[PDB]
Each structure stands twice: as structure tokens, then as C-alpha cells.
K.L.:
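What follows is a single structure, and I will ask about it in a moment.
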Amino acid sequence: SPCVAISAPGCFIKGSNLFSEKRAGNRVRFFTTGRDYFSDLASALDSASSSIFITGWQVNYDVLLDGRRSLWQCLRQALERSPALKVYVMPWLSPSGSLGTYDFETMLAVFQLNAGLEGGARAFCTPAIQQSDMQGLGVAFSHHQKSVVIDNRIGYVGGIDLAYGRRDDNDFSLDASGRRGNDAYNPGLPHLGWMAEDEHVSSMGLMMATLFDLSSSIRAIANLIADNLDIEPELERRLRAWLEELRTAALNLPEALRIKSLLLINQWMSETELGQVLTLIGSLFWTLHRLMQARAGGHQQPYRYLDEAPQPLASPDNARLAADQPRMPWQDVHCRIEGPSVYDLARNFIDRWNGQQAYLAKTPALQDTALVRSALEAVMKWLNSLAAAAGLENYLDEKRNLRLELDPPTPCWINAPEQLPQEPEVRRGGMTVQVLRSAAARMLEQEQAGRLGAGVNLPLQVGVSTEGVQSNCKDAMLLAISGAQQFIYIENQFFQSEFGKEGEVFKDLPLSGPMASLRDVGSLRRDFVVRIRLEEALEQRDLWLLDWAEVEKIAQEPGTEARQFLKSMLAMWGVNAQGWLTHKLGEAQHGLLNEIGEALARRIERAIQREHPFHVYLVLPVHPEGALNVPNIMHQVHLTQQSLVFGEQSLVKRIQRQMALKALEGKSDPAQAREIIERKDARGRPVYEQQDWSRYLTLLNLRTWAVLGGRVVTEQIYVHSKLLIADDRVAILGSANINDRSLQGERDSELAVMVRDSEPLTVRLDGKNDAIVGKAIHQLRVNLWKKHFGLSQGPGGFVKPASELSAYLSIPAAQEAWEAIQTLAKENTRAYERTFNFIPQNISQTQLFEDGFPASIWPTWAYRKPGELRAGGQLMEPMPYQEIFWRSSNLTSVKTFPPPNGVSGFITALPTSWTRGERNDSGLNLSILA
């Protein structure tokens, strides 16, 4: 019975900003591997006969779905099979190609789906502009939903984008050598191998096959700005004199020349509309979009390297992981839904699509159209010059006499009855599903305008809202947390949640040693810094104010220190400058806003008060995907550790204070009790820190290791899931991270489902007392635990199965279960740390403080002076984000590592002391990181 019935109060969310109401009668299939979701999707695309809707934060056309065909090939085969079928692809329109989503390339690939299709175009791609309420900071926000709907009858939703690196299985293999192109995925490592140019498609190759029917960089960028220059009259004159100076420069440019080049180039890419399009590679973009869509659609056949000879997309520099370099394994959860709630998934896609169409199709003012037209001629001047240089001049000549292409961005509505879903009849039984959104007030307004423009008003349930911010994902998590009776299991990419005041940062250390090395001018060599007047140029936020005469003399100064200084100085400038920009774009919040951490602690506090058992499992990534020496990554780690342990009102401290206060219950009245528990102990720590919070909370990371190319290697298993289970009775699955960006509702858009199974299963969650739970929810958690314990892998692993834990799979609320899980995780971590000093961990192994010195954000870092921590420091041994970790240099040789001994399962302990004392503040606007 517990929450089984559809009238049961407190089981699904209600209130004033619902995207949907719960519906019974669904069939849900859960995917616990990306391989299984992609394989299931390929099969469903092979059945599609009417419509295919795809939206995602990242959509990569060349990703293999079924081991043989790309997403693109599966879409093309469906269009050829079903003459009435239409395809719509809505990837997030990222503001920079540097985010690695490749939406621009996928867009061109989608255009090619129409090449040679009998009849008109039936494949459409509209990349989706963020519709947040964050005003000037909107550029930092995204559409983060991951959803696919086929024939308005099969709906997919969860955390898995159709993207590089997402496909993976129960082996979490580190070998990347069989992955194709960018699907060999590890953003934290330098990529020291080569993608052969004749086996990979370049973006330019793809553009060239879009425009025509084919069936150092400083001097390079300079000669490009030259041809399109003949712009604010001041920048023109600097660019006038700049070009003349290059024409007489030496093969090796003077340093002052080489830096004012990158200042002038950076001004061009950011200020003029032409360079603004290349950084995306304005309504210039949409006019280009229409032109390219129309050209590709007239071609006789799709580009050969999409279909006849499918090759992966290359990376921008054709670098890839070398044979000895590990991929980063991908942990994620997704599902497939059939039944009434597919209607709500279809409604999300259709209303979003039509809202984007209404937005982009608005007519500009004549003076704006005149600027877009002018920039388009140049953009088409640039693209046509590359084509000439690529030996495609004959294709250029054949188009000389055609009509000037400038058709207006026109709305492509989804409004034919065949593409629209039918309002479902009420059902009973099966799975009850409620579709949840995070969506900004601005988003809902554009959706209303798309309903008006397309003439589409899909019937809504009563009490569904079409106005105001939707924060359904946060509200459903809060409901599940407060309603939980025995335990909660959470997998999430993030734990960033309101934690009170920042805590534990060492006095006399305004910035951590590592962060100061990236941000703080006082960490550079002072004699070079004072000579070029760097400090003062930073104070006035203008790099032109350096003493360029001293810049060139240091540039010639022989040895190591002088060549290095200018490099680090310029990198520091960029970090500082990004900090200044993000604070100018919009107001910064103070601290984190979402209350997930408080709500988990509040539920544990109730257990403490009642003297009842309760437990929360949190499974999180070791650290955000990417390299640990990137400031925004370092800052997210900082906020994670504050949210979990170091903040004054962190999850662990909220729990410990409540345990301490209960120990004093009756003995003392309040107010005084709150002061007695703060009294500092022998080592200077508040006495409530003696409370064993591990009775209530287990924190886990995932890790594996292998011998790759004759070398011992390790990598985090990236927990990308966004999954919450309570009591094996409800699952919340979707795209919403535990951070402000996902949960507040007015920032990134998100999509999720709350699922309950009406099919009962009798279990003993705590090992003793019978409980009726949801059969498929229970099975989902059991499958995830089998996977993380190493019980689902095939033969030939380096990590053994943790078969000692199979006894606990069905009793997650038993104290014996979490105690066994904690013990094995701690033992795995000890085995890893015996050989790897560079992984996140509690105690520094290189600094050589009763337990020792806490390990730094860069674990091989040591501070020069324990007394004056602001004296700086250095990496004592390489970090994996460095090339010398992987490849010998003239003075260093590649260090090796003994294999870990005794690791069973992939679970490891989250290091609750990692970075204690360090303020890893990137200087970026906290609202962008929150």
C-alpha cells in the first residue's frame, strides 16, 4: 500500500507550477548502462513510422548506437523506410565550440539527412537557445534535458545524452583503443595520440559538403582578418598598423608583437559579428542556418563519409587518447516509457520546439537586416575562399549565377495532426509516472508564444501551469526525502547545496597554493612582475599598460624562467579577466541556495529525535569531469566539499550537531545546549565532531584501474546519473543535478520523471521487517548495486567482484549493509592510496595536524613553508593532467606505479578531508558555478 494508490496524498508533487500531473498505466524500462539505452533506442528507431523527436544538451551525429551504425545512419534508414516519417533534432545551441558539444557539426549532419530524399525535406534541426531568467548571465546557461520520443508513443528520459563517452557497460573498461574519434573520452587527460586525417571527418570537410554537392596560427588568423577588414574606426586603425608590422616581422615574432596580436585578435573575435559567428562555430547565425539547410537539402546524395563510408568526427586538433591512456568510464541511468505519460514528454518537446520557432522567426528592424545581409556576404566571402583553397573552385563556379540566397528565417511548426499526440484516457495499474521540469518563466512565455504561432494547444490536466518558474525536480526530491521511511539512495553528478558560512579555510591563506598559482600575481617571479608593471595593469584591468620594452627584454633573457613567465602571466590574465567579466554580466549570489542538503539532514534529524534507524547513501564522482588544474573545476570541488563536510551548515556538521544535541536531551535546556556542543576539544575541534555520523550517511566515489599498454593506470568512474530512490518505492530519474543551476528552476532547463511501480514485492529492507515495495524500483537499485560492487562484469577484469556484498543487495536499510559497504569502500581506498599519491585523498603523501597534513586539490602539491602557507609551493610529483605523467621529456622519465592489491568492487570512500584549509576560489561569478 505505501503510496501505491493514485489518490494517496504525499506521493507525487502538487502545487502551483506543475508541468504535469501523475498518470497511472505506464510501462517503464530502466537502463543501468549507456550501451543498453543506445541499443534499445536503435531498435526503436528501426520501428519508427511517424515522428522522431530528439533533444539534448549534447547530440553527436556520429555516435554508434548498436555497435555498427551511427545515430545519423539510424535516422537516415528510418527516413528511407517510412515515407511519412519526420525527424526533429533540438540540441542545445552552445555559445562556444570550446564546450565540446559539437552542435554545429550535428546540425550540418542533420541537414544532410534530406540529401536525395524523394520529396521535400523531412529532417529538421533547430539548436535551442537558453531561455533562462538569468538576464546578462544567460549566456552561461543551457538546455540540459535529455529526451527522445518516437511516434509519440515511446518516450526516453534520464541522464544520458546521445553523446561521446556515454556508451559504457558493467565492465567500466579503461581501454580506449577501440573507441572511435571523440568517443574515446577523458576530458581530464592530455590527448597524446593522433586521429588519422583520412579516417576522420573534419568540421571544415563537413561544412564544405554542406555548401557544395561533392557526390603558426597567429600569422594565419592575421591574413584572415586582413581580407575581410576592408568595424569601429579605432580598432580598424590598430588593425591597420598591426598588419603592416607583421609584413616586416621576423619568422619568430617579438614578444610584444606576439602578445598585442592576441589582444587584437581576441578583440576581433568578441566584438565584430564576423568573429562572433566563428566563436560559435546573432540573427546572422539563423540566416546562415537557413542557407545551409537549403543547400544540403538540394544535394543529390548525402556526404559520402556520413553514409557510404561513415567515419567519426575528428577532434579540433586531431588529438586523441593514446593506447596507454585510459578512457574515463561513464556511470549513468536512463529509462524508456510507454503509456499515458509519454504525452507529457511529447508535449515538452513540441512546445519547446514551437517556442524556438516563434522566437527565431521574428522580423528584425530594417537597419538590423541590413547589417546581417552585409555580414552574410563576408561570411560567404570567407567560406567561399576556404573552398577555393580546398580545390573546390569548380563547385564555386557552378553557383555563380544562382539567385542571391537570403530567404527569411521562416517558422517550421510541429502542428500537423500526425505529429501531435492524442490526450490519453485514464488508466490504472502499471507504473505511475509524473513528468517534472525545471523551466524558467521566460521559457514558459516563449512556449506560450509558440502555441499561438503554431496553433497548437495540447490539452492539459487540471492544475497544470503554463506560467511562472517550474521547479518540479527540486520539489519532487524534497517530497521523496521527507516521505522516506527507511533509506534513501542517491546517484548524482553534483552535491552543491546550501551549507551556511564557508568553513575550515586556513587563516593567513586567502587562496590555496594551487589557485594562487593560477590567479595571484604575487605567485609569479617578483622581478619579472615589477619590471613589466603587471600588478598595476591588473589593477586597471588593461593589459596594454604593461611596459612592453621590458616585455621584450625578458623575452630574450636566456634560460628557463624567462620563457615560462610570459606564458603563466598570460594564463593568469585570462583567469582574472574571466572573473571580471562574469561579475559585470550580472549580480553574484552569496553562497548556495537549494535546500537538498538541509532537507537530507532534517530527515536524519527526525530519525535521531525518534531514536529510529535511517540511512542515506550518496554516490558521487571523485571530481567534476575535466582536469583538476582548471579553476572552474577546482571551484566546484571546493563547493562540493563545503556542501558535504566543511561548510558551517554542511551535511555532515548538521547531522553531528543534531546527534550531539540529542545526547544532551533533558540533561540541559536549549540555547545553552547549542553552546555546550560548540566547546572546543583538546585538538581545538568542537566537541560535536565526536558524533559518528556514519550511522546515518555513507559517501561513495567510484574508481577502477587497469594495466594499459604495459602501464598501471587508474581513473574515476564518472557518476553522471541524476537518480534518487527512497525505500525501493519511488525513483526520481532525469537530468537534474544537485546544484542551483539544475534545481532553482530559473537557470538551466531540466526534465525528469518520478516513478512508482504498482506491482508489489515483499522484502525486508532492514533485514528483519517485511515491507511491500515497488518491484521494478527494487530491481533498479539491486542492479545498480550489483554493477558498483563489480558483480555484473564479464571475465578478465583487474577489479575483482565484491561477492562479500551480494548478501546485502536486498537489505539496504540494514545497519549490517551500510557498515559492510563503508568497510569495503575504505579498504579499496587504502589499497589505491598505497600506490597512488596523486588521487584525491584525505592525507597528503608529499608534504613530507594530528592525523597529518590534508591533501591539496592537487594531491602531489606541497606547501613550501607550513608556517607561512602563503610562501607558495609546487607539485612534488606529476599530476595526470600533465604530459610528463605520460611521456618522457629531456630531463624527466615516466614514473611507474605498482598495481593496487586487493581492490574488490568499484566503490571507494569519498575523502572527507580532501582540500581542508584551501580556498579554491576561481574568482568566477558564483551564480555561474552554483
Side-chain angles (χ1 to χ4, degrees), residues 41-42 45 48 51-65 69-82 85-94 97 101-117 119-129 143 146-150 161-164 182 201-214 280-281 285-289 291-307 310-313 349-350 352-353 356-357 360 409-414 419:
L41 171 60
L45 295 161
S51 59
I52 293 158
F53 303 154
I54 296 172
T55 190
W57 182 86
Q58 178 168 333
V59 186
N60 299 131
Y61 75 86
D62 57 319
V63 67
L64 287 200
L65 292 196
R69 297 174 298 164
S70 62
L71 169 63
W72 188 96
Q73 283 175 290
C74 294
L75 298 170
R76 171 70 172 203
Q77 279 164 39
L79 289 159
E80 290 185 31
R81 184 183 63 251
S82 304
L85 167 92
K86 312 241 206 244
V87 164
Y88 307 79
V89 187
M90 175 159 71
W92 170 54
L93 180 34
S94 70
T101 69
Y102 300 89
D103 47 287
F104 177 71
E105 286 83 356
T106 288
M107 182 186 72
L108 306 179
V110 174
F111 296 161
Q112 298 265 331
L113 288 166
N114 297 303
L117 272 195
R122 291 185 284 129
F124 311 96
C125 180
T126 300
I129 323 279
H143 286 287
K146 300 103 171 52
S147 189
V148 177
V149 191
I150 294 160
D161 273 304
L162 303 181
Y164 305 129
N182 293 313
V201 169
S202 77
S203 321
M204 198 44 56
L206 197 41
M207 180 113 66
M208 285 311 104
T210 300
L211 300 162
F212 316 105
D213 189 352
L214 307 176
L280 279 146
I281 276 174
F285 171 91
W286 300 114
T287 298
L288 205 43
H289 175 278
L291 180 170
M292 311 209 265
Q293 176 295 300
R295 291 232 190 158
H299 294 357
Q300 155 184 324
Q301 286 290 69
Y303 187 37
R304 153 169 198 73
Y305 297 119
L306 287 165
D307 179 23
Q311 306 186 330
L313 194 46
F349 182 93
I350 284 158
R352 285 191 56 214
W353 179 280
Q356 293 277 164
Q357 294 297 318
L360 57 74
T410 282
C412 181
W413 306 121
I414 301 171
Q419 270 70 54

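Worth knowing before you read on, the calculation uses all heavy atoms, side chains too, and leaves out hydrogens, waters and symmetry mates. Each residue takes its place number in the sequence, starting with 1.
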K.L.:
Search all heavy atoms of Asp62 against all heavy atoms of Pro312 and return the closest pair with its distance.
P.N.:
OD2-CA, 3.5 Å
K.L.:
I need the single residue from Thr106, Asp103, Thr101 that forms a side chain to side chain contact (heavy atoms under 4.5 Å, CB included) with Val59. Which is it?
P.N.:
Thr106
K.L.:
Is a donor on one side and an acceptor on the other found under 3.5 Å between the side chain of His143 and the backbone of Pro91?
P.N.:
no
K.L.:
Considering only heavy atoms from C-beta outward, does the side chain of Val149 approach that of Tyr88 to under 4.5 Å?
P.N.:
no
K.L.:
Taking the side chain as C-beta and beyond, is there a heavy-atom pair between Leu71 and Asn60 under 4.5 Å?
P.N.:
no
K.L.:
Can you tell me how far the CZ atom of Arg76 sits from the CG atom of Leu113, to the nearest 0.5 Å?
P.N.:
7.0 Å
K.L.:
So do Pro310 and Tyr303 actually touch side chain to side chain, heavy atoms under 4.5 Å?
P.N.:
no
K.L.:
Side chains of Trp353 and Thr126: does their closest heavy-atom pair fall under 4.5 Å?
P.N.:
yes
K.L.:
Within the 4.5 Å heavy-atom criterion, are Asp307 and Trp72 side-chain neighbours or not?
P.N.:
yes
K.L.:
Tell me the closest heavy-atom pair linking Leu79 and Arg122, and the distance in Å.
P.N.:
O-NH2, 2.9 Å
K.L.:
Please check: side-chain N/O of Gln357 versus main-chain N/O of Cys412, any donor-acceptor pairing under 3.5 Å?
P.N.:
yes
K.L.:
So, taking the atom named CE in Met207 and the one named CE in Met204, what distance separates them when rounded to the nearest 0.5 Å?
P.N.:
4.0 Å
K.L.:
Just checking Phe124: does its CZ atom have more than 12 heavy atoms from other residues, nucleotides or ligands closer to it than 6.0 angstrom?
P.N.:
yes
